[PDB]
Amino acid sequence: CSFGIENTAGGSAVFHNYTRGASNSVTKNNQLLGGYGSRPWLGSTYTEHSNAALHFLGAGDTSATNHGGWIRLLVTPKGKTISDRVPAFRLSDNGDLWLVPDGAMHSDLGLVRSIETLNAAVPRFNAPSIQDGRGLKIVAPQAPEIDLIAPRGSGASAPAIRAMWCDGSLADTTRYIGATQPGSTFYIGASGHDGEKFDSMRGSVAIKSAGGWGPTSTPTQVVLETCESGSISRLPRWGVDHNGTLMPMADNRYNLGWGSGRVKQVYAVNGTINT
């Protein structure tokens, strides 16, 4: 039944896995340093490996200068055997979470833990490794999604994605935090492979701070950005300004409607177009 370590003194009760490389050498990159897993009963035997598991793995070869280590969680899909178990959750050594559900990556790529390592594993991929260390990556066939299920209860269904801007840093000892600075952006858009590589977003919606903030003044804009056919340059086209003006983002450049996409009727207090 139950089983356990007890520390009565007030210290910690910790379980360790100790591993070495071949012939007392340093433990290696992507070596399984430790594991915990369930093995289910088939009727007369257990499965040959874990069907669900926690794995601790080496990140780079160990040395006096590298103690690199990362984590994955493995699951087995219903109707599949342990041959087809999936390392669906990967907490990278950089601190990124990769979520890779069933059907997203082949077995061969089970040790992929970053853009850098994905690039090495799939030479044609060429994603920007500058994105490593930024947060969550989801890889799924065709349609990777985030679903935000929001039952009303007695309030209102109000799911949200919220950027939170600030000046300063939480990384140092001082930890100064201050007012949103000018140049603050929140981009929601799409990058893609161009046949050679992934790069910057090429179409987007962005919330931007309209200058610096203070307690009585927090100005924003919402900007829509696209890229033209024959071009690789994402540009601001139309925006809602801080004062609420819907405006083109350059003077005398962008049209409202076209020949075969004409506005039905325009409603404006002033009947004359200001030129």
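So that there is no doubt, residue numbering starts at 1 and follows the sequence shown.
Averaged over CA atoms, B-factors in the entry run higher in 115-123 than in the other of 130-138 and 115-123. Of the two stretches examined, 79-87 and 143-151, the record assigns the greater average C-alpha temperature factor to 79-87.
The entry assigns its greatest Cα B factor, within the set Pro219, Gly239, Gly244, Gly60, to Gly60.
Sort the chain's modelled residues by C-alpha temperature factor and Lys264 lands in the middle third, per the entry. Per the PDB record, residue ranking by Cα B-factor puts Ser233 in the middle third of the chain. The deposited CA B-factor of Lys208 belongs to the lowest third of values across its chain. In this PDB entry, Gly195 carries a Cα temperature factor that places it within the highest third of its chain's modelled residues. Split the chain's modelled residues into thirds by C-alpha temperature factor. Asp93 is in the middle one.
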